[PDB]
Each structure stands twice: as structure tokens, then as C-alpha cells.
């Protein structure tokens, strides 16, 4: 099992380690050629617009849209997978959801708390500039995690989107394993 992690820019040693702990092989996807030979792709990150621009600039945008790869989008990845955010920006438009960016505001740096994952249990999630699901556009979109009235985790077939950064907590590997076992295998 080879799990690719999008990092056109940035360091993904944390994501790679979590993938290894989950029991899989990790692969850094920096350029379009790296997408070959992977079983799934994880799209992490903080600020979504910069990543959207990088995907287009280096061609990963159209390549991903042209693939049938299972994808786990975390934070920036949740935004990118969506079909709308209310603001004009580059999106993959794959998952049947719209997203509300900076759902918890921009005055607080971060927050950490246990999140109940559907059919799994509690996972420690680190939220930094976290977006949340707004509209759900399809009957096959499944809510897998909530934080109060906010939807912080959804699944649609081979796609999964989360508000927090799994790689920032010791529970990261559990989340990655949950994604692979339910969206890839």
C-alpha cells in the first residue's frame, strides 16, 4: 500500500511518519510525475489558496481531476476537494460539499480536542485555521465527525475530508488508517 502526500512546497516528514505508523509506504508528491504508482493521495496544508495556485502552476490540478484516486483532504485539502467556498479560488471540485473557510474565526491561533469519529472512537484533533462543511450536495455524502453543530469530517465513496491536521497529533496514524481501510481497501 503506497500513500502519496501532496507537498508541492513544504515539509511532510510528519505526514510520512504517520503513514508508516499506519502500516503503509509513504510517497511525497511534489511534481505531477510523483502521482504515478500510488494507491491513494492525502492533500494536507493550512492556507488553501496558495496550495491551489501551486497545483495549477505545476500541473497537479488537472492530473488529480483526471484520476480515480481515493483522496483524503485535511484542512486545506478539505477546501480543495469541495465544489464551493463562497470565495473565488482554485478548487478540485470533486467532493459534493461546499466549505466555510476559517469557521472558528481568525482571532484564535489554534485549539485541540478529542473528536468522535464514526464507527471508530475518539481521535485527538489539532485545529489551525480550520474550515468546516457548509452544504452537502449529494445523498451519498456521509458525516463521520462533528464538533458541536459543525461538521468536521465527511466521506463520499473514496473521498474523505477533515477539518483538522491529523499529522499534528499522536493519533494521526489512526486517522490515516481509518481513511485507507474505508476509502481505499
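Residue numbers count along the first chain shown, from 1.
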Report task. Would you tell me which stretch averages the higher CA B-factor in the PDB entry, 148 to 156 or 26 to 34? Result -> 26 to 34
Query - Mean temperature factor over C-alpha atoms, higher-scoring stretch between 132 to 140 and 59 to 67 - result: 59 to 67
Report task. Would you mind checking where the Cα B-factor of residue 112 ranks among the modelled residues of its chain, as the lowest, middle or highest third? Result -> highest
Query raised in the report: Lowest, middle or highest third: where is residue 99 by C-alpha B factor in its chain?
Result: middle
Report task. Using the B-factors in the PDB entry, rank residue 123's C-alpha atom against the chain and give the third, lowest, middle or highest. Result -> highest
**Report entry** Third assignment of residue 184 from its chain's C-alpha B-factors
**Finding:** highest
Requested in this report: Would you mind ranking residue 87 by its C-alpha B-factor against the rest of the chain and naming the third, lowest, middle or highest?
Outcome: highest
